[PDB]
Enquirer: 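Okay, here's the structure, questions in a sec.
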Amino acid sequence: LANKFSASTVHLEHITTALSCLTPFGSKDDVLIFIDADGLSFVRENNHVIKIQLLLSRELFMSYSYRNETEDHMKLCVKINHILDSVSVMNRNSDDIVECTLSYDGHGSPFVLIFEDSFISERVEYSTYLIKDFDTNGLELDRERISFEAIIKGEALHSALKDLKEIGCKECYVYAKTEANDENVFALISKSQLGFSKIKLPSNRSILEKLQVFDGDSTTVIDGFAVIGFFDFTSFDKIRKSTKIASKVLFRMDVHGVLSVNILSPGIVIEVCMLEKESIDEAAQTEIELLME
Amino acid sequence: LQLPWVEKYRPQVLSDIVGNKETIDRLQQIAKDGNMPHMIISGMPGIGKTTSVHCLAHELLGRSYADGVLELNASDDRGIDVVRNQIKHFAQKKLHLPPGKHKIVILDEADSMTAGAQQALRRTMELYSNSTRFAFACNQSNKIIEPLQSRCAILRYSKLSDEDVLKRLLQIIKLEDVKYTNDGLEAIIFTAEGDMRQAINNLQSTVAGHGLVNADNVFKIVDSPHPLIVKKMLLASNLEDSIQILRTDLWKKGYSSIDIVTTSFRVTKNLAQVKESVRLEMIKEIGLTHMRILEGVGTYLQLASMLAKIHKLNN
Amino acid sequence: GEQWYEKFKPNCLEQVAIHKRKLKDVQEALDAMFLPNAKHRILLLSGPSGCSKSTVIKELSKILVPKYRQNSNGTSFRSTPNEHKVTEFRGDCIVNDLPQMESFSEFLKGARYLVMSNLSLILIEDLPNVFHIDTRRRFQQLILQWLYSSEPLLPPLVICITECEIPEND
Amino acid sequence: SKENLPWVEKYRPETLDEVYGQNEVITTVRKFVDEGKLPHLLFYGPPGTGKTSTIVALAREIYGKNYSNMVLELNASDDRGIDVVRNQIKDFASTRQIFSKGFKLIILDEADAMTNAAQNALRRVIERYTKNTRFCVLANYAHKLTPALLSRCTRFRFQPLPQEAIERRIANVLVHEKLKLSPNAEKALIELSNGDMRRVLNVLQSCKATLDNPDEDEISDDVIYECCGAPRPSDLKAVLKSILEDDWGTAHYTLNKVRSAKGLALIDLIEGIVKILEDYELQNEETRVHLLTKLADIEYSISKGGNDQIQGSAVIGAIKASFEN
Amino acid sequence: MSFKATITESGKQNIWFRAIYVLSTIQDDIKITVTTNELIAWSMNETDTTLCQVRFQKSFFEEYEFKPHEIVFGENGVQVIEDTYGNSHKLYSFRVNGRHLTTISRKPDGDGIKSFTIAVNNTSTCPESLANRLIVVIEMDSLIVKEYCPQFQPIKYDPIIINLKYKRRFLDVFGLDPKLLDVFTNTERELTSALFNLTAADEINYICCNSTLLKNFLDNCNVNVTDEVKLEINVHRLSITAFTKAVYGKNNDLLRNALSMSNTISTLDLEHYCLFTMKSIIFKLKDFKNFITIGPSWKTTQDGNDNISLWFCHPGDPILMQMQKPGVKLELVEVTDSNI
Ligand SMILES: Nc1ncnc2c1ncn2[C@@H]1O[C@H](COP(=O)(O)OP(=O)(O)OP(O)(O)=S)[C@@H](O)[C@H]1O
Ligand SMILES: Nc1ncnc2c1ncn2[C@@H]1O[C@H](COP(=O)(O)OP(=O)(O)OP(O)(O)=S)[C@@H](O)[C@H]1O
Ligand SMILES: Nc1ncnc2c1ncn2[C@@H]1O[C@H](COP(=O)(O)OP(=O)(O)OP(O)(O)=S)[C@@H](O)[C@H]1O
Ligand SMILES: [Mg+2]
Ligand SMILES: [Mg+2]
Ligand SMILES: [Mg+2]
């Protein structure tokens with residue numbers, strides 16, 4: 001095509017899945033679209049405290065053309081409510097839709113979404129907006145100062161998130177500890193109306209594939225030390241939709257209080273970065289210690 | 001980093017709180033006795049109400065402060081549902097405390113609570129007064145509904161005197177090893193107008209700015225309270241003097257006309273020397289000028305005309 | 001650390017701080033209400049905070065309910081005589097299977113049965129959240145239905161409203 | 001890209017060294033950041049004195065060029081109700097820094113537009129999280145701020161811009177552009193600025209536009225008056241002289257001619273005459289009272305429209321009657 | 001561990017959750033009494049017009065331990081009851097938020113539960129924070145473990161004896177199909193094992209009916225509109241009617257619309273019916289509608305008889321209702337209309 005970027009596919013599950021994953025970040029706000037030869041990424045940020053990035057790779061599209069030469073990537077911003085409404089009306093007859101193509105022609109042009117059916121094609125153009133000065137790359141995991149890492153199965157994490165949500169969890173604490181004889185302890189401690197509750201993942205290579213505590217440098221493994229991360233549930237719960245489709249989840253917390261969740265569902269890959277609370281109260285610390293001991 | 005002096009030197013104990021000596025002594029008596037009743041603490045900003053209530057709770061509950069105190073303020077959710085669930089569950093909690101000690105529910109800025117929540121608090125206080133006690137903190141005691149006031153002992157804090165402000169300022173200076181002069185401390189106290197939070201903020205700003213707290217150095221950053229300037233302007237016996245004050249001391253310093261007229265109304269409300277007829281006529285003229293300003297004509301000419309009319313009223 | 005206003009609370013009607021004429025009027029009104037076919041179904045008491053409305057109502061109930069309650073035919077919940085002379089509505093009660101606005105509706109639907117051998121005085125001091133418009137409308141509808149109810153037997157219903165001004169709130 | 005911007009935004013200070021006319025405040029804040037002891041700040045002042053520019057420059061100095069990542073800026077164009085304070089501001093203030101870059105900064109520009117409930121909610125947010133966060137409030141009207149918020153903040157007053165700072169900024173703009181300004185033109189520009197740099201920049205841009213050949217033409221006071229359509233001092237002096245010395249017919253004719261020569265507005269003439277009379281030495285004080293009252297009434301009436309000729313005759317008659325005392 | 005018990009079977013967990021949910025619907029706070037032989041979860045509404053009680057025998061739990069002598073904190077809940085034979089029995093009673101317990105005890109939509117343990121620790125070696133908290137440990141089939149410690153307040157227990165008196169009166173009046181004799185013997189055994197002991201005043205009426213028909217009829221009964229239930233029984237039929245009376249306003253304006261829906265069951269269909277020689281009784285429907293759905297939650301094939309027993313004497317007098325399961329006893333007492 002004559003467009004700078006044009007990607008067409010026959011699977012409509014990827015688009016709706018990505019939109020559903022992005023929904024928990026606000027039904028009426030902005031979404032950033034990054035376009036490059038590797039693929040197309042959707043980025044959202046909330047309150048400068050949490051960030052989500054969902055990547056659709058080149059393999060997911062039956063055809064993918066990126067003819068831009070001056071710039072190696074293209075950045076645009078759209079309103080999520082517009083896309084949500086347009087797709088909801090256009091996707092009412094989900095059985096008949098056969099092709100879906102995205103297109104873009106550089107700055108100053110709309111983002112074009114076309115649903116192609118057997119004999120009817122629907123074309124919608126989304127207006128673009130200036131990108132806010134805030135840089136989404138600011139909230140990133142310092143890969144040289146990982147406090148701990150863990151690999152978890154998607155279903156168990158999704159069940160834990162559902163349990164936390166249903167009890168009206170208000171504060172969450174991620175507790176990670178390692179010992180000898182391959183003893184691992186990964187737990188989520190919730191402060192809610194019920195008081196203090198705990199959800200502990202088993203130390204087996206089917207729900208907790210691996211767990212490591214690196215003493216805040218990613219190199220030296222230390223046993224007997226416990227890493228505790230304090231988060232507000234309003235931001236922690238925003239990964240529930242992503243975990244619903246997730247096949248594997250990788251938690252990585254650094255010393256700067258940044259937690260990164262890598263969700264793997266050819267596929268959809270999601271990155272969620274969140275900041276930790278300023279500090280933990282004495283009562284919360286005492287309750288957590290009593291729960292874990 | 002280093003905390004600002006206002007938060008760094010917040011008292012931890014009742015003994016370090018100055019001003020309202022009788023009230024603080026009563027609070028210390030309650031703290032050392034234990035039988036704390038429902039209480040309301042009212043007063044102007046920055047005089048130690050929050051500090052006093054928190055210190056009293058800490059001293060009363062000792063190690064049990066974490067599990068025996070429930071603190072809520074205007075920045076938290078405090079609707080009727082909160083009263084129905086969180087406060088109710090806290091008051092129902094069975095906590096073993098030393099004899100004469102009770103759980104404390106601190107409601108800072110209680111005046112802002114909604115009517116429904118305040119009405120709901122009545123039954124909670126009636127049912128759980130045996131093991132729970134409420135400490136309301138507010139600026140306007142009348143903003144708490146009468147049924148709640150009926151159960152509480154009232155405690156009104158007065159504005160701090162220059163002596164107590166000077167004493168605590170000297171303590172802070174001794175702790176910080178700050179070089180100063182007497183005139184500088186007098187200027188700081190004069191500008192504070194009885195608000196100690198402002199006094200400490202201005203002291204820190206002056207110490208940073210020049211290191212030595214002099215009157216000239218204090219007045220370089222901190223300005224004299226504009227209400228006193230407005231009072232001097234209004235009480236001037238000559239129209240020329242009033243106009244000169246309005247120009248040099250208020251208009252040329254960037255004070256907005258709306259602020260000037262509002263301050264003029266507030267000051268005129270408390271002019272004891274003037275007669276009642278003159279006072280009400282001045283209030284009428286100030287109100288007319290305020291109405292003109294609100295329409296968009298916020299000019300120096302309107303303020304000058306208001307001053308001229310006030311002077312006519314005086315004659 | 002017992003509070004004096006509770007420690008020295010009245011233990012009989014004679015110690016209630018109430019004007020004699022007002023006490024006589026209230027007692028006569030309630031006694032008439034306790035009749036089998038009493039003309040009055042709701043006694044509404046209004047006044048400022050802490051004027052002995054609920055206190056006098058409870059003290060009068062302690063005498064009136066035993067006088068008019070029918071003796072049970074050897075039937076009762078527990079062994080004790082079930083001293084529940086006053087049945088009070090709780091505005092903070094929340095149950096699983098009931099919307100909030102319906103709570104009061106449920107209470108009355110139970111209170112209707114407290115007659116004859118189960119006689120009890122219904123007292124409404126902790127009102128529902130009448131600041132909510134829909135809740136207030138439902139409350140008024142329920143009060144009207146109680147007033148216009150065709151049930152031959154109803155218990156005396158006393159509503160105590162403490163009148164106060166709502167301070168201006170931001 | 002900066003070339004296409006209006007001069008008011010093109011010349012926005014980027015560093016604290018570029019903010020003029022606020023030496024005391026600027027020195028205090030610079031040394032505060034040098035010592036890393038920034039308290040909660042309030043910047044109170046009239047329009048166009050450098051409050052927003054100063055706070056943005058301070059944020060840049062504190063956080064270098066990545067201030068946008070650890071600075072939360074909110075203004076009147078955004079909703080700032082009590083829900084916003086409870087959720088967004090609270091969550092930002094209670095979270096750790098991006099890379100442990102000291103403390104976070106929250107800027108509440110035009111905070112006088114916030115509601116009382118939101119301001120009340122802000123008190124404990126400011127107090128509790130002082131260690132991790134610092135608040136900056138900016139305002140033109142202090143009466144809209146609650147006493148508690150004022151008590152919690154260290155106050156700094158941005159005065160109307162002094163003449164020397166305006167001259168230095170004008171010289172900087174003139175060297176930046178290829179523009180020439182006459183001393184009388186600069187004096188008139190400062191006089192009409194009223195301590196607002198935005199007005200100076202806008203009028204200078206309009207004057208440059210007015211020049212047929214800006215590469216060589218010099219801006220004179222006449223160019224400034226043409227661009228602003230304001231009366232000259234000579235016109236005001238002539239009108240006042242005619243009012244105070246000539247008869248009613250002569251004064252009416254003089255006013256009409258002076259106004260019709262350049263299409264001057266009556267309100268501008270009234271303001272100029274008021275400024276002139278403020279320096280007059282009056283031996284009778286009732287004259288000042290009558291002048292002020294009647295001229296304020298005429299200004300208020302003009303603000304709502306009305307008949308222009310009747311208003312001009314009213315000005316003439318008011319001045320004559322006041323000076324007849 | 002002052003007290004501990006565990007539930008493993010899926011049906012047992014279902015019935016436990018259903019009982020807790022129903023009790024939570026009755027009152028905001030549920031009362032739990034622990035004894036050496038059973039656990040009693042009960043609730044009474046604000047108007048004192050309805051009482052519900054579910055007794056789980058110690059055999060209902062895979063593991064059961066009760067050590068009253070070890071309780072130190074919250075001793076106000078410890079009670080001693082003297083038996084008629086000269087025996088002392090220890091009890092521990094407390095109050096717990098019903099909604100919280102219901103939320104804790106529900107089965108997750110996706111993952112099943114392998115074990116559900118409830119325990120109380122008020123012994124000497126108990127941290128001050130953990131005092132007066134009910135420990136709930138839930139094991140998931142995926143080896144995930146969940147822990148909750150909701151707060152509880154110790155209280156005193158006042159046994160309700162209405163059922164015992166009704167049973168004694170029924171035995172005296174009506175005490176031949178072998179099932180009737182078996183019922184009489186079971187009632188006598190229950191009365192004897194309990195810790196406590198032809199005029200018109202001795203009226204008593206008993207109805208044993210298969211709860212399937214009642215549940216089927218009630219499924220269509222919306223309590224939000226039909227808030228009254230009337231039972232009319234004669235020697236030929238039994239009719240259950242969900243109804244509501246009309247209310248007329250000032251000018252005969254319909255403030256509330258009357259409604260009625262009735263169902264009739266032949267006396268042959270009913271398991272048992274004994275009358276004091278057309279009885280009628282009226283009471284509230286919501287509590288009965290919720291109560292009738294607890295027993296079926298287990299669905300035990302062996303000795304499967306979802307029969308509900310009802311006892312009623314006179315208008316105004318309480319109506320008693322009982323259901324049984326291999327290790328569960330469900331009782332509901334309601335206040336009846338005094339008219340006529
Ligand atoms: N009496 C006092 N003695 C010593 N320091 C004081 C006193 N009053 C105020 N301060 C200082 O000011 C700070 C704020 O005091 P607070 O008690 O929080 O103010 P406040 O009286 O609660 O005003 P409001 O109602 O909250 S606006 C304290 O942390 C102290 O540093
Ligand atoms: N002699 C007394 N007479 C009346 N009340 C007394 C007396 N001594 C103590 N009290 C207590 O004083 C309180 C005031 O009486 P109430 O009847 O509760 O007030 P009120 O008129 O109902 O207004 P509200 O709605 O409760 S604020 C009650 O808690 C009484 O128990
Ligand atoms: N002190 C100053 N030094 C240099 N330029 C200034 C100064 N103050 C204002 N300006 C100019 O005027 C423009 C507007 O300045 P601002 O700081 O945004 O005005 P302000 O003080 O925020 O007034 P308000 O309250 O927003 S109406 C800047 O971009 C500069 O071009
Ligand atoms: Mg305070
Ligand atoms: Mg009362
Ligand atoms: Mg600004």
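Numbered from 1 within each chain, the chains take letters A, B, ... in sequence-line order. Any value given below was found using the heavy atoms of this structure, including those in side chains, with hydrogens, waters and symmetry copies removed.
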Enquirer: Name the member of A:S203, A:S190, A:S197, A:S206 that forms the most heavy-atom pairs with chain E at distances under 4.5 Å.
Expert: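 Most heavy-atom pairs within the cutoff with chain E belong to A:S197.
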Enquirer: Would you indicate whether the side-chain heavy atoms of E:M1 and E:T123 approach each other to under 4.5 Å?
Expert: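 The answer is no; the side chains never approach within 4.5 Å.
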Enquirer: Checking ring pair (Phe, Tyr, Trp, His ring centres under 6.0 Å) for the pair E:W16/E:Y21: CA distance, chi angles, key distance, verdict?
Expert: CA-CA 9 Å; E:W16 163 270; E:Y21 170 82; over 10 Å; no
Enquirer: For the pair E:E147 and A:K200, find out whether any cationic side-chain nitrogen is under 4.0 Å from an anionic carboxylate oxygen.
Expert: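 Between A:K200 and E:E147 there is no salt bridge, as every charged N stays at least 4.0 Å from the carboxylate O atoms.
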Enquirer: Find out whether the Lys NZ or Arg CZ of A:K238 is both under 6.0 angstrom from the six-membered ring centre of A:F25 and within 45° of the ring's axis.
Expert: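 Flagged: A:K238 positioned over aromatic ring of A:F25.
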Enquirer: Counting only non-hydrogen atoms closer than 4.5 Å, does A:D163 touch chain E with its backbone (N, CA, C, O), its side chain (CB onward), both, or neither?
Expert: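 A:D163 touches chain E through side-chain heavy atoms alone.
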Enquirer: Side chain from CB out, backbone as N, CA, C, O: work out which of these in E:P108 comes under 4.5 Å of a heavy atom of chain A, or both, or neither.
Expert: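 For E:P108, neither part sits under 4.5 Å from chain A.
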Enquirer: Once you measure the plane-to-plane angle for E:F66 and E:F3, does it fall in the parallel (<30°), tilted (30-60°) or perpendicular (>60°) bin?
Expert: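 The arrangement is perpendicular - the two ring planes meet at more than 60°.
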Enquirer: Heavy-atom distances under 4.5 Å only: say whether E:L130 touches chain A with side chain, backbone, both or neither.
Expert: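 E:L130 has no heavy atom closer than 4.5 Å to chain A.
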Enquirer: Return the option, out of A:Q193, A:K162, A:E166, with the maximum number of heavy-atom pairs under 4.5 Å with chain E.
Expert: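 Between A:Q193, A:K162, A:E166, the count favours A:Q193.
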Enquirer: Would you mind checking which part of A:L194 comes under 4.5 Å of any heavy atom in chain E, side chain (CB onward), backbone (N, CA, C, O), both or neither?
Expert: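 Contact with chain E is through both the backbone and side chain of A:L194.
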Enquirer: Once the angle between the rings of A:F230 and A:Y173 is folded into 0 to 90°, is it parallel (under 30°), tilted (30 to 60°) or perpendicular (over 60°)?
Expert: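 Parallel, since the angle between the ring planes stays under 30°.
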Enquirer: Does any heavy atom of chain E fall under 4.5 Å from the side chain of A:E287, the backbone, both, or neither of them?
Expert: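 A:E287 touches chain E through side-chain heavy atoms alone.
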Enquirer: Could you tell me which portion of A:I199 (side chain, backbone, both or neither) has an atom closer than 4.5 angstrom to a non-hydrogen atom of chain E?
Expert: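 It is both, since atoms from each part get that close.
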Enquirer: Under a 4.5 Å heavy-atom cut-off, does chain A meet the side chain of E:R99, its backbone, both or neither?
Expert: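 Neither part, no heavy atoms under 4.5 Å.
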Enquirer: Can E:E65 and E:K4 be said to form a salt bridge (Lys or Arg N to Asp or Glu O under 4.0 Å), step by step?
Expert: CA-CA 5 Å; E:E65 325 287 356; E:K4 176 198 234 54; over 6 Å; no
